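**Q** The structure's right below; bear with me while I get my questions together.
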Amino acid sequence: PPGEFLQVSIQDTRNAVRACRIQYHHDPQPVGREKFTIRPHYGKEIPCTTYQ
Amino acid sequence: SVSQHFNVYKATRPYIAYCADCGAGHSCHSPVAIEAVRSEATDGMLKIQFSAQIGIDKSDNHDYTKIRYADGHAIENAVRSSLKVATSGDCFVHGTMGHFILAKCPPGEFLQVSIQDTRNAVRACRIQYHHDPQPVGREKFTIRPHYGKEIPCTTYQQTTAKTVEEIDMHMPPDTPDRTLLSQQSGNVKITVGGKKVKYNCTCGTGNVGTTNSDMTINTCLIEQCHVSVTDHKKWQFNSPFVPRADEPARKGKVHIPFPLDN
Amino acid sequence: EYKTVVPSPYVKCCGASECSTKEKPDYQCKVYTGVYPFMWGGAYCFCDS
Amino acid sequence: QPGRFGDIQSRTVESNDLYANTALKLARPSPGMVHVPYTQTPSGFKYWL
Ligand SMILES: *[C@@H]1O[C@H](CO)[C@@H](O[C@@H]2O[C@H](CO)[C@@H](O)[C@H](O)[C@H]2NC(C)=O)[C@H](O)[C@H]1NC(C)=O
Ligand SMILES: *[C@@H]1O[C@H](CO)[C@@H](O[C@@H]2O[C@H](CO)[C@@H](O)[C@H](O)[C@H]2NC(C)=O)[C@H](O)[C@H]1NC(C)=O
């Protein structure tokens, strides 16, 4: 979701919490001409790039 | 009594419907499909409707710690402590009864409901709902004060008694299944499994009808037949996402809990 | 406020249907031809188109 | 008129007649699905509110 900072954390062998956080301005923009948040059950199909 | 209030839900079963986004932006059939969200309460008590039923166990008996849902053709159980509703943050559940969930949630753009499966899997669906409650009065506060005025302001009550408003139910349709078909050299064999099935095969002549026992059809390929369960003695909610059976006649009506009050 | 009531869709395989007008507020019905519905178990009926 | 105050009307709270004009238009379903779509202007009562 949108935010200003990003954090990744795993758990140590001793069950400690190891985390490291940086700043990253994240604000996604859906493709097309509308700013929606959840996909619809009736609409069009626009070409769009993703990571496989 | 509370147990007596559950007589109506004895002739109903849950269902599985198509909901667009079920967790990771991938369309998937789910038993926690959302149908409607009602916000007629002034204080902001959301009323959520979804396929799975609260308060009923698989053996059709009252119980307050089990949630029953449809999976395949049967009905399973899930723990009620594994129910979550979130709108840009975890929100609180004020009362659940049958098809409906009552919650109050912080401002957000999307709404998500999730339950845990028998195999400890997570089933969820998310829809879009612009939620922003303005408190009654002339001040946009957030938390109740310890010195203030009393003003009229409506809400949903937790009473489970009969109300005037109601929804409608209708007979479920025939549900296709492709897993009741097996190939034996040059034959196809259908497995009843305890449920009446109906078939239609174009190989040969006179291969249509409904049976409830295991049979084999010769000189037929596996792709040349189609079968579907037919018994369906229970009831289903009239949903736009599930096809309607042959009869266009309304069959039953079921009251809906949690009326409106001052 | 109004609520739009929309019942479950009627699908018929290897056939056709027509709907009749009714005295009901803003009734809007239409018949769509050449459909291939899908369910979780598989296809719904034999006839392709 | 649709979308403004007075989209749906009734003579009295208990009356059984209703005049509605909300521009309910149906649309053809997406292929390989079982769903009925519709586009309809939002309630004019909320707009007036
Ligand atoms: C079983 O399936 C066959 C098709 O395999 C159906 O036969 C069709 O019937 C309609 C009218 O009833 C005709 O317009 C089609 O041309 C027929 N198709 C073929 C391939 O002949 C038959 O109706 C189905 N029967 C049931 C009970 O579902
Ligand atoms: C909460 O109380 C108010 C006022 O007592 C209710 O409004 C009245 O409801 C009665 C029906 O019992 C009507 O005959 C009156 O005409 C209503 N008042 C006005 C000014 O129209 C209100 O309905 C109650 N809330 C709920 C949910 O029943």
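Simple scheme: letters A, B, ... for chains in structure tokens order, numbers from 1 for residues in each chain, numbers from 1 for ligands in the order shown.
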Collect all residues with atoms no farther than 10 Å from ligand 2, counting only C-alpha atoms and all ligand atoms, and output them as number ranges by chain.
**A** B: 41, 152-157, 259-262
**Q** Would you mind exporting N, CA and C atoms of the selected residues as an mmCIF file, in the first residue's frame?
**A**
data_model
loop_
_atom_site.group_PDB
_atom_site.id
_atom_site.type_symbol
_atom_site.label_atom_id
_atom_site.label_comp_id
_atom_site.auth_asym_id
_atom_site.auth_seq_id
_atom_site.Cartn_x
_atom_site.Cartn_y
_atom_site.Cartn_z
ATOM 1 N N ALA B 41 -26.689 3.145 9.395
ATOM 2 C CA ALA B 41 -26.510 3.619 10.760
ATOM 3 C C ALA B 41 -25.739 4.934 10.777
ATOM 4 N N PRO B 152 -29.547 12.740 19.600
ATOM 5 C CA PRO B 152 -30.066 11.515 18.975
ATOM 6 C C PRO B 152 -29.211 11.072 17.797
ATOM 7 N N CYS B 153 -29.044 9.757 17.682
ATOM 8 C CA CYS B 153 -28.044 9.164 16.805
ATOM 9 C C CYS B 153 -28.320 7.666 16.749
ATOM 10 N N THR B 154 -28.573 7.163 15.541
ATOM 11 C CA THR B 154 -29.160 5.839 15.340
ATOM 12 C C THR B 154 -28.076 4.791 15.125
ATOM 13 N N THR B 155 -28.437 3.521 15.321
ATOM 14 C CA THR B 155 -27.489 2.419 15.206
ATOM 15 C C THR B 155 -28.247 1.115 14.986
ATOM 16 N N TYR B 156 -27.488 0.045 14.759
ATOM 17 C CA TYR B 156 -28.014 -1.310 14.682
ATOM 18 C C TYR B 156 -28.038 -1.916 16.080
ATOM 19 N N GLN B 157 -29.141 -2.573 16.426
ATOM 20 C CA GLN B 157 -29.195 -3.297 17.686
ATOM 21 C C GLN B 157 -28.765 -4.747 17.489
ATOM 22 N N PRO B 259 -32.063 -5.008 13.429
ATOM 23 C CA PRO B 259 -32.823 -3.867 12.901
ATOM 24 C C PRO B 259 -32.252 -2.526 13.337
ATOM 25 N N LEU B 260 -32.950 -1.443 13.007
ATOM 26 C CA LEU B 260 -32.506 -0.085 13.289
ATOM 27 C C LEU B 260 -33.225 0.452 14.520
ATOM 28 N N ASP B 261 -32.521 1.259 15.314
ATOM 29 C CA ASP B 261 -33.078 1.808 16.543
ATOM 30 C C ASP B 261 -32.490 3.189 16.814
ATOM 31 N N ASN B 262 -33.209 3.968 17.627
ATOM 32 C CA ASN B 262 -32.729 5.237 18.168
ATOM 33 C C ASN B 262 -31.964 4.941 19.456
#
**Q** Per residue of chain B within 9 Å of ligand 1, what are the shortest atom pair and its distance in Å to one decimal, counting only C-alpha atoms and all ligand atoms, with rows by chain and residue number, as CSV?
**A**
residue,atom,partner,partner_atom_place_in_ligand_line,distance
B:199,CA,ligand 1,28 (O),7.9
B:200,CA,ligand 1,1 (C),4.9
B:201,CA,ligand 1,1 (C),6.4
B:202,CA,ligand 1,5 (O),5.1
B:203,CA,ligand 1,5 (O),8.8
B:207,CA,ligand 1,1 (C),8.9
B:208,CA,ligand 1,27 (C),6.4
B:209,CA,ligand 1,27 (C),7.6
B:224,CA,ligand 1,5 (O),8.3
B:225,CA,ligand 1,5 (O),8.5
B:226,CA,ligand 1,2 (O),8.9
**Q** Could you check which of C:25, C:41, C:34, C:9 is closest to residue 16 of chain D, using only C-alpha atoms?
**A**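 Residue with the minimum atom-to-atom distance to residue 16 of chain D: C:25.
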**Q** With a distance threshold of 6 Å and counting only C-alpha atoms, extract the residues of chain B near chain C and express them as a list in words.
**A**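 Applying the cut-off to the listed atoms yields residues 176, 177, 178, 238, 239, 240, 243 and 244 of chain B.
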**Q** To test your reading of the structure, identify every residue in segment 57-237 of chain B that backbone DSSP assigns to strand (DSSP E or B), and report it as an NGL selection string.
**A** :B and (62-71 or 74-79 or 84-86 or 90 or 92-104 or 108-116 or 122-131 or 155-156 or 166-170 or 175-176 or 181-184 or 187-190 or 197-201 or 208-211 or 215-218 or 225-229 or 236-237)
**Q** Write down, as a tab-separated table (two decimals) with N, CA and C atoms, in the first residue's frame, each residue of chain D that has any atom within 7 Å of an atom of chain C, counting only C-alpha atoms.
**A**
chain	number	residue	atom	x	y	z
D	18	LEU	N	-44.81	3.80	-7.10
D	18	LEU	CA	-43.49	4.41	-7.09
D	18	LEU	C	-43.13	4.82	-8.51
D	19	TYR	N	-42.72	6.08	-8.66
D	19	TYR	CA	-42.23	6.61	-9.93
D	19	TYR	C	-40.72	6.71	-9.85
D	20	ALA	N	-40.03	5.96	-10.70
D	20	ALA	CA	-38.58	5.90	-10.67
D	20	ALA	C	-38.01	6.20	-12.05
D	21	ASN	N	-36.94	6.99	-12.07
D	21	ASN	CA	-36.23	7.31	-13.30
D	21	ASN	C	-34.75	7.45	-12.94
D	24	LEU	N	-31.46	2.90	-15.71
D	24	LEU	CA	-30.93	1.55	-15.54
D	24	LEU	C	-30.69	0.94	-16.92
D	28	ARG	N	-23.91	-6.53	-21.85
D	28	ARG	CA	-23.63	-7.92	-22.18
D	28	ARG	C	-22.56	-8.48	-21.25
D	31	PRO	N	-17.26	-12.71	-21.53
D	31	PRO	CA	-17.29	-14.12	-21.94
D	31	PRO	C	-16.70	-15.03	-20.88
D	32	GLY	N	-17.29	-16.22	-20.75
D	32	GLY	CA	-16.86	-17.18	-19.75
D	32	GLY	C	-17.12	-16.75	-18.32
D	33	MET	N	-18.30	-16.19	-18.05
D	33	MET	CA	-18.63	-15.76	-16.70
D	33	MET	C	-20.14	-15.80	-16.52
D	34	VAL	N	-20.56	-15.82	-15.26
D	34	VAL	CA	-21.97	-15.80	-14.89
D	34	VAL	C	-22.17	-14.58	-14.01
D	36	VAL	N	-24.44	-10.50	-14.11
D	36	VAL	CA	-25.27	-9.51	-14.78
D	36	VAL	C	-24.74	-8.12	-14.44
D	43	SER	N	-27.83	7.61	-6.34
D	43	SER	CA	-29.04	8.17	-5.76
D	43	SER	C	-28.92	9.69	-5.66
D	45	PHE	N	-30.77	11.45	-3.81
D	45	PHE	CA	-31.00	11.84	-2.42
D	45	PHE	C	-29.68	12.07	-1.69
**Q** Got a sec: who's within 7 Å of residue 2 of chain D, counting only C-alpha atoms, leaving out chain neighbours fewer than 5 positions off, as a ChimeraX atom specification?
**A** /D:7,21-23,41
**Q** Sort by chain and increasing residue number a table of all residues of chain B within 7 Å of chain A, each with its closest pair of atoms and their distance in Å to one decimal, counting only C-alpha atoms, and write it as CSV.
**A**
residue,atom,partner,partner_atom,distance
B:20,CA,A:41,CA,5.3
B:21,CA,A:39,CA,6.3
B:127,CA,A:38,CA,6.2
B:128,CA,A:38,CA,5.8
**Q** Filtering to N, CA, C and O atoms, could you give me those residues as an mmCIF file, in the first residue's frame?
**A**
data_model
loop_
_atom_site.group_PDB
_atom_site.id
_atom_site.type_symbol
_atom_site.label_atom_id
_atom_site.label_comp_id
_atom_site.auth_asym_id
_atom_site.auth_seq_id
_atom_site.Cartn_x
_atom_site.Cartn_y
_atom_site.Cartn_z
ATOM 1 N N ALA B 20 -14.090 -10.812 -7.505
ATOM 2 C CA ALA B 20 -13.082 -10.427 -8.491
ATOM 3 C C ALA B 20 -11.663 -10.577 -7.959
ATOM 4 O O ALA B 20 -10.805 -11.163 -8.629
ATOM 5 N N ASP B 21 -11.388 -10.055 -6.767
ATOM 6 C CA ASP B 21 -10.031 -10.056 -6.231
ATOM 7 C C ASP B 21 -10.045 -10.736 -4.873
ATOM 8 O O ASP B 21 -10.711 -10.263 -3.948
ATOM 9 N N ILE B 127 -13.287 -5.973 -1.793
ATOM 10 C CA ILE B 127 -14.042 -5.125 -2.703
ATOM 11 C C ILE B 127 -13.700 -3.677 -2.388
ATOM 12 O O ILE B 127 -12.958 -3.378 -1.450
ATOM 13 N N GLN B 128 -14.254 -2.772 -3.188
ATOM 14 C CA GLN B 128 -14.010 -1.348 -3.010
ATOM 15 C C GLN B 128 -15.215 -0.694 -2.348
ATOM 16 O O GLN B 128 -16.354 -0.889 -2.783
#
**Q** Which is closest to chain D among B:2, B:167, B:181, B:17, if we use only C-alpha atoms?
**A**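 Answer, going by the shortest atom-to-atom distance: B:17.
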**Q** In Å, rounded to a single decimal, give me how far atom CA of residue 175 of chain B is from atom CA of residue 213 of chain B.
**A**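 Those two atoms sit 17.9 Å apart.
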**Q** In Å, how far is it from atom CA of residue 198 of chain B to atom CA of residue 183 of chain B?
**A** 18.0 Å
**Q** Return the neighbours of chain A among the residues of chain D, cut-off 9 Å, counting only C-alpha atoms, as a JSON list (two decimals) with N, CA and C atoms, in the first residue's frame.
**A**
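Result file part-v5.json:
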[["chain", "number", "residue", "atom", "x", "y", "z"],
["D", 29, "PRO", "N", -22.71, -9.71, -20.76],
["D", 29, "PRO", "CA", -21.72, -10.25, -19.83],
["D", 29, "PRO", "C", -20.39, -10.53, -20.50],
["D", 30, "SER", "N", -19.33, -10.44, -19.70],
["D", 30, "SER", "CA", -18.00, -10.82, -20.15],
["D", 30, "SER", "C", -17.98, -12.31, -20.48],
["D", 35, "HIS", "N", -22.54, -13.46, -14.62],
["D", 35, "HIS", "CA", -22.78, -12.24, -13.88],
["D", 35, "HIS", "C", -23.61, -11.31, -14.75],
["D", 37, "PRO", "N", -24.24, -7.37, -15.41],
["D", 37, "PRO", "CA", -23.78, -6.00, -15.15],
["D", 37, "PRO", "C", -24.85, -4.97, -15.45]]
**Q** To one decimal place, how far is atom CA of residue 17 of chain D from atom CA of residue 256 of chain B in Å?
**A** 24.8 Å
**Q** Compile the contact shell of segment 46-48 of chain A as a list in words: residues with an atom at most 12 Å away, counting only C-alpha atoms, same-chain residues fewer than 6 positions apart removed.
**A**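 That gives residues 30, 31, 32 and 33 of chain A.
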**Q** Taking the DSSP assignment computed from this structure's backbone, write out as a list in words all residues of chain D that belong to alpha helix (DSSP H).
**A**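 Result set for chain D (alpha helix (DSSP H)): residues 44, 45, 46, 47 and 48 of chain D.
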**Q** Skip segment 24-33 of chain B itself and residues of its chain fewer than 5 positions away, then list as a ChimeraX atom specification all residues within 9 Å of it, counting only C-alpha atoms.
**A** /A:38-39,41 /B:14-19,49-52,69-71,113-115,123-126 /C:39-40
